[PDB]
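Enquirer: What follows is start.cif, mmCIF, C-alpha atoms; chains and numbers go by the auth columns.
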```
data_target
#
loop_
_atom_site.group_PDB
_atom_site.id
_atom_site.type_symbol
_atom_site.label_atom_id
_atom_site.label_comp_id
_atom_site.label_asym_id
_atom_site.label_seq_id
_atom_site.Cartn_x
_atom_site.Cartn_y
_atom_site.Cartn_z
_atom_site.B_iso_or_equiv
_atom_site.auth_seq_id
_atom_site.auth_asym_id
ATOM 1 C CA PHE A 1 -3.200 -7.141 -11.900 0.00 79 H
ATOM 2 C CA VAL A 2 -6.511 -7.956 -10.204 0.00 80 H
ATOM 3 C CA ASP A 3 -9.291 -5.353 -10.210 0.00 81 H
ATOM 4 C CA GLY A 4 -12.814 -5.985 -8.964 0.00 82 H
ATOM 5 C CA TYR A 5 -14.518 -9.199 -7.853 0.00 83 H
ATOM 6 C CA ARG A 6 -17.214 -9.875 -10.455 0.00 84 H
ATOM 7 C CA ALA A 7 -19.740 -12.353 -9.084 0.00 85 H
ATOM 8 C CA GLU A 8 -21.901 -14.430 -11.411 0.00 86 H
ATOM 9 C CA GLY A 9 -24.727 -12.325 -12.825 0.00 87 H
ATOM 10 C CA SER A 10 -23.575 -9.064 -11.201 0.00 88 H
ATOM 11 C CA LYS A 11 -21.662 -6.259 -12.918 0.00 89 H
ATOM 12 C CA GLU A 12 -20.715 -4.603 -9.601 0.00 90 H
ATOM 13 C CA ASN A 13 -18.124 -5.880 -7.141 0.00 91 H
ATOM 14 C CA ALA A 14 -19.630 -7.386 -4.003 0.00 92 H
ATOM 15 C CA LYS A 15 -19.213 -5.520 -0.716 0.00 93 H
ATOM 16 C CA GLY A 16 -17.849 -8.675 0.922 0.00 94 H
ATOM 17 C CA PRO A 17 -14.469 -10.119 -0.061 0.00 95 H
ATOM 18 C CA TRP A 18 -13.662 -7.006 -2.111 0.00 96 H
ATOM 19 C CA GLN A 19 -13.875 -4.900 1.057 0.00 97 H
ATOM 20 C CA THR A 20 -11.308 -7.207 2.667 0.00 98 H
ATOM 21 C CA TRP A 21 -9.149 -6.970 -0.465 0.00 99 H
ATOM 22 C CA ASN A 22 -9.212 -3.165 -0.351 0.00 100 H
ATOM 23 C CA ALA A 23 -8.671 -2.943 3.417 0.00 101 H
ATOM 24 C CA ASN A 24 -5.650 -5.273 3.406 0.00 102 H
ATOM 25 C CA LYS A 25 -3.864 -3.145 0.753 0.00 103 H
ATOM 26 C CA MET A 26 -3.707 -6.160 -1.559 0.00 104 H
ATOM 27 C CA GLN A 27 -3.292 -3.878 -4.592 0.00 105 H
ATOM 28 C CA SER A 28 0.382 -3.450 -3.652 0.00 106 H
ATOM 29 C CA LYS A 29 1.024 -6.974 -2.314 0.00 107 H
ATOM 30 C CA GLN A 30 -0.391 -8.854 -5.314 0.00 108 H
ATOM 31 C CA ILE A 31 2.649 -7.796 -7.357 0.00 109 H
ATOM 32 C CA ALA A 32 4.991 -9.295 -4.759 0.00 110 H
ATOM 33 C CA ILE A 33 2.875 -12.454 -4.488 0.00 111 H
ATOM 34 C CA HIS A 34 2.879 -12.943 -8.266 0.00 112 H
ATOM 35 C CA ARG A 35 6.625 -12.274 -8.479 0.00 113 H
ATOM 36 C CA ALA A 36 7.344 -14.831 -5.753 0.00 114 H
ATOM 37 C CA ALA A 37 5.046 -17.377 -7.418 0.00 115 H
ATOM 38 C CA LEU A 38 6.726 -16.884 -10.800 0.00 116 H
ATOM 39 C CA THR A 39 10.233 -17.047 -9.311 0.00 117 H
ATOM 40 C CA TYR A 40 10.088 -19.756 -6.645 0.00 118 H
ATOM 41 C CA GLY A 41 7.167 -21.702 -8.104 0.00 119 H
ATOM 42 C CA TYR A 42 4.514 -21.620 -5.381 0.00 120 H
ATOM 43 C CA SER A 43 3.642 -18.583 -3.278 0.00 121 H
ATOM 44 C CA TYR A 44 1.759 -18.754 0.022 0.00 122 H
ATOM 45 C CA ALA A 45 -0.977 -16.443 1.311 0.00 123 H
ATOM 46 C CA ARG A 46 -1.859 -16.351 5.015 0.00 124 H
ATOM 47 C CA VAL A 47 -5.358 -15.249 6.050 0.00 125 H
ATOM 48 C CA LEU A 48 -6.064 -14.839 9.761 0.00 126 H
ATOM 49 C CA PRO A 49 -8.964 -13.362 11.744 0.00 127 H
ATOM 50 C CA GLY A 50 -8.574 -9.809 12.974 0.00 128 H
ATOM 51 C CA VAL A 51 -10.384 -6.758 14.299 0.00 129 H
ATOM 52 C CA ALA A 52 -11.285 -3.862 12.013 0.00 130 H
ATOM 53 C CA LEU A 53 -10.633 -0.177 12.673 0.00 131 H
ATOM 54 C CA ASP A 54 -14.237 0.348 13.810 0.00 132 H
ATOM 55 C CA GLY A 55 -14.223 -2.899 15.817 0.00 133 H
ATOM 56 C CA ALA A 56 -15.855 -5.157 13.215 0.00 134 H
ATOM 57 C CA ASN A 57 -14.374 -8.353 11.752 0.00 135 H
ATOM 58 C CA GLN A 58 -11.590 -7.751 9.217 0.00 136 H
ATOM 59 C CA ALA A 59 -9.616 -10.639 7.729 0.00 137 H
ATOM 60 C CA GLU A 60 -5.870 -9.962 7.739 0.00 138 H
ATOM 61 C CA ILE A 61 -4.284 -11.383 4.574 0.00 139 H
ATOM 62 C CA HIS A 62 -0.503 -11.580 4.207 0.00 140 H
ATOM 63 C CA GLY A 63 1.887 -13.307 1.814 0.00 141 H
ATOM 64 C CA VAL A 64 4.693 -15.570 3.027 0.00 142 H
ATOM 65 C CA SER A 65 7.658 -16.471 0.843 0.00 143 H
ATOM 66 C CA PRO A 66 8.585 -20.160 0.446 0.00 144 H
ATOM 67 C CA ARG A 67 11.940 -19.273 2.027 0.00 145 H
ATOM 68 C CA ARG A 68 10.047 -18.670 5.300 0.00 146 H
ATOM 69 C CA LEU A 69 7.398 -21.397 5.043 0.00 147 H
ATOM 70 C CA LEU A 70 7.170 -25.192 4.842 0.00 148 H
ATOM 71 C CA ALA A 71 3.729 -26.546 3.926 0.00 149 H
ATOM 72 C CA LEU A 72 3.067 -30.296 4.043 0.00 150 H
ATOM 73 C CA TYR A 73 0.419 -31.820 1.767 0.00 151 H
ATOM 74 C CA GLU A 74 -0.888 -35.376 1.983 0.00 152 H
ATOM 75 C CA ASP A 75 -2.068 -34.961 -1.647 0.00 153 H
ATOM 76 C CA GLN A 76 0.238 -32.553 -3.473 0.00 154 H
ATOM 77 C CA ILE A 77 -1.750 -32.519 -6.727 0.00 155 H
ATOM 78 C CA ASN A 78 -5.053 -31.568 -5.067 0.00 156 H
ATOM 79 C CA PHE B 1 3.539 12.855 -11.456 0.00 79 P
ATOM 80 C CA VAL B 2 0.588 12.997 -9.053 0.00 80 P
ATOM 81 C CA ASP B 3 -2.326 15.324 -9.829 0.00 81 P
ATOM 82 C CA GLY B 4 -5.572 15.407 -7.877 0.00 82 P
ATOM 83 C CA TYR B 5 -6.873 13.133 -5.119 0.00 83 P
ATOM 84 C CA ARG B 6 -9.881 11.336 -6.606 0.00 84 P
ATOM 85 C CA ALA B 7 -12.000 9.839 -3.837 0.00 85 P
ATOM 86 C CA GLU B 8 -14.354 6.941 -4.508 0.00 86 P
ATOM 87 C CA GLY B 9 -17.500 8.169 -6.249 0.00 87 P
ATOM 88 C CA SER B 10 -16.322 11.789 -6.572 0.00 88 P
ATOM 89 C CA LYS B 11 -14.890 13.406 -9.702 0.00 89 P
ATOM 90 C CA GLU B 12 -13.555 16.430 -7.774 0.00 90 P
ATOM 91 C CA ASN B 13 -10.539 16.452 -5.474 0.00 91 P
ATOM 92 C CA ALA B 14 -11.440 16.639 -1.796 0.00 92 P
ATOM 93 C CA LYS B 15 -10.653 19.835 0.111 0.00 93 P
ATOM 94 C CA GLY B 16 -8.851 17.815 2.787 0.00 94 P
ATOM 95 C CA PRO B 17 -5.573 16.029 2.057 0.00 95 P
ATOM 96 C CA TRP B 18 -5.294 17.779 -1.319 0.00 96 P
ATOM 97 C CA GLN B 19 -5.169 21.143 0.465 0.00 97 P
ATOM 98 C CA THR B 20 -2.241 19.848 2.528 0.00 98 P
ATOM 99 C CA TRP B 21 -0.596 18.535 -0.650 0.00 99 P
ATOM 100 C CA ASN B 22 -0.897 21.937 -2.335 0.00 100 P
ATOM 101 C CA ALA B 23 0.194 23.906 0.743 0.00 101 P
ATOM 102 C CA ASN B 24 3.329 21.811 1.336 0.00 102 P
ATOM 103 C CA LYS B 25 4.543 22.403 -2.260 0.00 103 P
ATOM 104 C CA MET B 26 4.560 18.651 -2.880 0.00 104 P
ATOM 105 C CA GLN B 27 4.365 19.215 -6.651 0.00 105 P
ATOM 106 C CA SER B 28 8.102 19.999 -6.628 0.00 106 P
ATOM 107 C CA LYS B 29 9.154 17.503 -3.932 0.00 107 P
ATOM 108 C CA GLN B 30 7.428 14.441 -5.409 0.00 108 P
ATOM 109 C CA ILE B 31 10.042 14.357 -8.183 0.00 109 P
ATOM 110 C CA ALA B 32 12.850 14.235 -5.618 0.00 110 P
ATOM 111 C CA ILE B 33 11.013 11.621 -3.539 0.00 111 P
ATOM 112 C CA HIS B 34 10.471 9.393 -6.581 0.00 112 P
ATOM 113 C CA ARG B 35 14.087 9.828 -7.702 0.00 113 P
ATOM 114 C CA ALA B 36 15.381 8.860 -4.253 0.00 114 P
ATOM 115 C CA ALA B 37 13.028 5.863 -4.118 0.00 115 P
ATOM 116 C CA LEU B 38 14.135 4.665 -7.558 0.00 116 P
ATOM 117 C CA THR B 39 17.831 5.181 -6.775 0.00 117 P
ATOM 118 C CA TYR B 40 18.281 4.081 -3.162 0.00 118 P
ATOM 119 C CA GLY B 41 15.311 1.713 -3.024 0.00 119 P
ATOM 120 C CA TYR B 42 13.104 3.115 -0.262 0.00 120 P
ATOM 121 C CA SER B 43 12.355 6.798 0.272 0.00 121 P
ATOM 122 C CA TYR B 44 11.003 8.240 3.519 0.00 122 P
ATOM 123 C CA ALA B 45 8.334 10.906 4.012 0.00 123 P
ATOM 124 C CA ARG B 46 8.030 12.766 7.322 0.00 124 P
ATOM 125 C CA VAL B 47 4.657 14.261 8.283 0.00 125 P
ATOM 126 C CA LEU B 48 4.512 16.420 11.405 0.00 126 P
ATOM 127 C CA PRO B 49 1.862 18.708 12.912 0.00 127 P
ATOM 128 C CA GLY B 50 2.196 22.414 12.241 0.00 128 P
ATOM 129 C CA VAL B 51 0.408 25.752 12.252 0.00 129 P
ATOM 130 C CA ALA B 52 -1.008 27.214 9.044 0.00 130 P
ATOM 131 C CA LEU B 53 -0.509 30.757 7.767 0.00 131 P
ATOM 132 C CA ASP B 54 -3.925 31.817 9.097 0.00 132 P
ATOM 133 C CA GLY B 55 -3.393 29.924 12.367 0.00 133 P
ATOM 134 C CA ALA B 56 -5.247 26.721 11.449 0.00 134 P
ATOM 135 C CA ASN B 57 -3.796 23.194 11.451 0.00 135 P
ATOM 136 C CA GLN B 58 -1.480 22.469 8.511 0.00 136 P
ATOM 137 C CA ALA B 59 0.387 19.168 8.255 0.00 137 P
ATOM 138 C CA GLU B 60 4.055 19.706 7.378 0.00 138 P
ATOM 139 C CA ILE B 61 5.184 16.933 5.012 0.00 139 P
ATOM 140 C CA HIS B 62 8.877 16.533 4.191 0.00 140 P
ATOM 141 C CA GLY B 63 10.996 13.887 2.490 0.00 141 P
ATOM 142 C CA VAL B 64 14.071 12.388 4.150 0.00 142 P
ATOM 143 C CA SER B 65 16.758 10.556 2.205 0.00 143 P
ATOM 144 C CA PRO B 66 17.896 7.111 3.416 0.00 144 P
ATOM 145 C CA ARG B 67 21.380 8.608 3.806 0.00 145 P
ATOM 146 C CA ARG B 68 19.992 10.727 6.676 0.00 146 P
ATOM 147 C CA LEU B 69 17.530 8.243 8.187 0.00 147 P
ATOM 148 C CA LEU B 70 17.531 4.815 9.839 0.00 148 P
ATOM 149 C CA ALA B 71 14.084 3.245 10.260 0.00 149 P
ATOM 150 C CA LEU B 72 13.736 0.034 12.278 0.00 150 P
ATOM 151 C CA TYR B 73 10.858 -2.358 11.566 0.00 151 P
ATOM 152 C CA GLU B 74 9.820 -5.280 13.739 0.00 152 P
ATOM 153 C CA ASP B 75 8.302 -6.632 10.497 0.00 153 P
ATOM 154 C CA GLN B 76 10.061 -5.576 7.294 0.00 154 P
ATOM 155 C CA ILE B 77 7.185 -6.751 5.099 0.00 155 P
ATOM 156 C CA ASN B 78 3.402 -6.137 5.394 0.00 156 P
#
```
Take the structure in this file and express it as structure tokens.
Expert:
Amino acid sequence: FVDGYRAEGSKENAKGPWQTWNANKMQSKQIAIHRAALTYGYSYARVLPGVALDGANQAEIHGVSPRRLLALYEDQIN
Amino acid sequence: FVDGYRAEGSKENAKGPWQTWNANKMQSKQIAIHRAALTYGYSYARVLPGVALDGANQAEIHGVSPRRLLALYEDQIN
């Protein structure tokens, strides 16, 4: 389980990426992502631009199973 | 079991959704909802507008078993 985004030298989670994490309901999707990664071997997370509820910029993050994705790497190790 | 609705930065339950939770007698229906979710796999909760005892707005929340519901999703996940 992932809780908080502790930046270097700060004891409080930043109001940046953590806001996106909370808005995207990642607290319930991280379990599925970890389960897929442990089962298949390599999970995939899709992040795309989107509009927020108030009209601001909110990044939409979703997880895609390897059964429904085919990623090609020119350098698999890194 | 669910007790209280702790908002961020507040140690006391808000007088909003918690009032609806108490009015709808959810303390006795949450057990059935959880049992149906654990047995069938996916429970369903129906929330509809309604009038309160004093004439105000009270949200009527009810649980529907999968045996008596068929929900269609254009996207099953996320």
Enquirer: Have a look at H:85, H:150, H:116, H:139 and name the one nearest to chain P; count all atoms listed in the file.
Expert: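 Closest to chain P, using all atoms listed in the file: H:139.
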Enquirer: What are the nearest atom pairs, with distances in Å to one decimal, for all residues of chain H that come at most 12 Å from chain P, using all atoms listed in the file, set out by chain and rising residue number as JSON lines?
Expert:
```
{"residue": "H:102", "atom": "CA", "partner": "P:156", "partner_atom": "CA", "distance": 9.3}
{"residue": "H:103", "atom": "CA", "partner": "P:156", "partner_atom": "CA", "distance": 9.1}
{"residue": "H:104", "atom": "CA", "partner": "P:156", "partner_atom": "CA", "distance": 9.9}
{"residue": "H:106", "atom": "CA", "partner": "P:156", "partner_atom": "CA", "distance": 9.9}
{"residue": "H:107", "atom": "CA", "partner": "P:156", "partner_atom": "CA", "distance": 8.1}
{"residue": "H:108", "atom": "CA", "partner": "P:156", "partner_atom": "CA", "distance": 11.7}
{"residue": "H:110", "atom": "CA", "partner": "P:155", "partner_atom": "CA", "distance": 10.4}
{"residue": "H:111", "atom": "CA", "partner": "P:156", "partner_atom": "CA", "distance": 11.7}
{"residue": "H:123", "atom": "CA", "partner": "P:156", "partner_atom": "CA", "distance": 11.9}
{"residue": "H:124", "atom": "CA", "partner": "P:156", "partner_atom": "CA", "distance": 11.5}
{"residue": "H:138", "atom": "CA", "partner": "P:156", "partner_atom": "CA", "distance": 10.3}
{"residue": "H:139", "atom": "CA", "partner": "P:156", "partner_atom": "CA", "distance": 9.3}
{"residue": "H:140", "atom": "CA", "partner": "P:156", "partner_atom": "CA", "distance": 6.8}
{"residue": "H:141", "atom": "CA", "partner": "P:156", "partner_atom": "CA", "distance": 8.2}
{"residue": "H:142", "atom": "CA", "partner": "P:155", "partner_atom": "CA", "distance": 9.4}
{"residue": "H:143", "atom": "CA", "partner": "P:155", "partner_atom": "CA", "distance": 10.6}
```
Enquirer: CA of residue 137 (chain P) and CA of residue 125 (chain P) are how many Å apart?
Expert: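 Calculated distance between CA of residue 137 (chain P) and CA of residue 125 (chain P) is 6.5 Å.
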Enquirer: With distances taken over all atoms listed in the file, which residue among P:96, P:147, P:154, P:114 lies nearest residue 84 (chain P)?
Expert: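 Looking only at the distances to residue 84 (chain P), the closest residue turns out to be P:96.
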Enquirer: If I take CA of residue 99 (chain H) and CA of residue 153 (chain H), how far is one from the other in Å, to one decimal?
Expert: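 Pair CA of residue 99 (chain H) / CA of residue 153 (chain H) returns 28.9 Å.
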Enquirer: Box time for region 111-117 of chain H: axis-aligned, enclosing all its listed atoms, 3 Å extra on each side; report centre and edge lengths in Å to one decimal, as AutoDock Vina command-line options.
Expert:
```
--center_x 6.6 --center_y -14.8 --center_z -7.6 --size_x 13.4 --size_y 11.1 --size_z 12.3
```
Enquirer: Up to 7 Å from (0.8, 25.5, 3.3) in the file's coordinates: name the residues, counting only C-alpha atoms, as a PDB file with C-alpha atoms, in the coordinates of the input.
Expert:
```
ATOM      1  CA  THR P  98      -2.241  19.848   2.528  1.00  0.00           C
ATOM      2  CA  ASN P 100      -0.897  21.937  -2.335  1.00  0.00           C
ATOM      3  CA  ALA P 101       0.194  23.906   0.743  1.00  0.00           C
ATOM      4  CA  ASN P 102       3.329  21.811   1.336  1.00  0.00           C
ATOM      5  CA  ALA P 130      -1.008  27.214   9.044  1.00  0.00           C
ATOM      6  CA  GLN P 136      -1.480  22.469   8.511  1.00  0.00           C
TER       7      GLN P 136
END
```
Enquirer: Kindly give the distance, in Å, that separates CA of residue 135 (chain P) and CA of residue 93 (chain P), rounded to a single decimal.
Expert: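 So the answer is 13.7 Å.
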Enquirer: Out of H:105, H:80, H:91, H:145, which residue has the shortest atom-to-atom distance to residue 121 (chain H) when counting only C-alpha atoms?
Expert: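 Closest residue, counting only C-alpha atoms: H:145.
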